[PDB]
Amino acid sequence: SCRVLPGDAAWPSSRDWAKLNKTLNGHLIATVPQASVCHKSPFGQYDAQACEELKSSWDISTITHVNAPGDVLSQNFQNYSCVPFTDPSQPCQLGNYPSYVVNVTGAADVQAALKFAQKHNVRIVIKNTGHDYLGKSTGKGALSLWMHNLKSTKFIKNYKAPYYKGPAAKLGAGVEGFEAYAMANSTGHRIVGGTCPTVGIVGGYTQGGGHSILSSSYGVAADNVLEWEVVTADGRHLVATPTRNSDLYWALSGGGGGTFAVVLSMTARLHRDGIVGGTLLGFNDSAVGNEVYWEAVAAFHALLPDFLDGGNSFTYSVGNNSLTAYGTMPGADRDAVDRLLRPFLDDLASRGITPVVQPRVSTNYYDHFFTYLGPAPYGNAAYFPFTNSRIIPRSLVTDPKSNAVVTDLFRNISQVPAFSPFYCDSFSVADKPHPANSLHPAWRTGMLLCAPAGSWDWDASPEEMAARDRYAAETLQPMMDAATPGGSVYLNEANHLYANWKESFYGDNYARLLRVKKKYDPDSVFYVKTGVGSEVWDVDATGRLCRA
């Protein structure tokens, strides 16, 4: 059995879709890609100047793009079907985009869409922001549950349970980083969220784990979830906590989005705000030569433990001849910032390097975040659609023998132009209180999460971009894996073609994750590439989803 596609005898009629729309109170949207304004047909609405506006920031994570119902940010998944950078005469086609989008207002819209889809054998897709690097928030011929507009927030002053007492926030499924930060800040709190401000904090970010510059202080985003409000495949409106539907709670808190249930909201721990120490710390090989530069990168890595165990973090960009780091030091006044940086600066001084060091103390976390990752509120985060990753164990770094292999990996990757420079985050998320969840164990032993990320080139041919896609999956990622035994790959930052996904994403947790999948979705209504239980479905040459 296969899901239906447009053209099939069993594709729902115009009356069937109109019936669904009536049930949804007019909230069904026939998908019109945002870049239809760049083409004359089949939508008649070529607007040359509106098209130039889309070109200007198409490869950036913009609120304008995220606001579009049927769109996705990945240039690879757009796949030239309806894009700004082909000729106006080339027809705008849906390709990987869903055929219809449900503008979800609450639980009933989801229940009605699920029931319709099971009745008519339509593929369900779930999309929040369209950030997903693996194409998991789009799909050909699908009915998409668009969660973007569930923006409600609610401060809970005294959340009270065995697992947590303190302030919390209930956030709707569509709440993005910038909105969560604005809400948390308004009450003098912080929340654990991603570095890219348009990222959907309640969607794939937290559901897949979600690292943060506050992770050394408060753990992974998944660690901070108190409750998940969901709709199951069979339409049940449930709440999953550590003591209620707790197997579902466990799976949702790190098991990856788009497979266990449809999330309507989450409730997450808030944390007391206060001053935040910051710095730019940068150095290069210009005075001292490339070999010493790499020895300095290696020693920088080996000095991180004490810094990270104090609740602090570095997010840094590793280039072939220079490194630029951004330090986050919660509650560190100026004297304390200098004391925390001193070992790093003493080491660089002993190798002949004069670094660029620009410390600061921000009054609150919101200001700190947007000093380095702004401008507020939306940032300017570039979308690199060949994103790979590795969670690297501390033990690899602290043993200078295995750390030499790590440095050799970084040097090798630094020599590949499309994937260089690249960002790394650093964290210690062991030994903190959290409810039991399905985060890969590698997170706990982990110290670095590095994301070599290939850019898209609109002047290249489709075959060249396909070849880069394949290179990332079958050459670069396995090279990263072999250099970092004991690590894992972060399921949110990987290539859709990566063959070893099951082992690297889920490891020993897969058995239990799969039992939760089969319990809450026995008919496999939910599918995402590399998702738990995704092996039930296969995509054929046409993009049709068929049972394996």
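Just count from 1 along the sequence shown to find any residue number.
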| query | finding |
| --- | --- |
| Higher-B stretch (mean Cα B-factor, as the entry records it), 511-519 or 44-52 | 44-52 |
| Given 468-476 and 228-236, the range whose Cα B-factors average higher in the PDB entry | 468-476 |
| Selection from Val192, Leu281, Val83, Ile156 [criterion: highest C-alpha temperature factor in the record] | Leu281 |
| Out of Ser215, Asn290, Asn121, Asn103, residue topping the C-alpha B-factor column of the entry | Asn290 |
| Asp408 by Cα B-factor - lowest, middle or highest third of the modelled chain | highest |
| Chain thirds of CA B-factor: placement of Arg272 | middle |
| Among modelled residues of the same chain, the CA temperature factor third for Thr530 | lowest |
| CA B-factor ranking of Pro435, expressed as a third of its chain | lowest |
| CA B-factor ranking of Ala483, expressed as a third of its chain | highest |
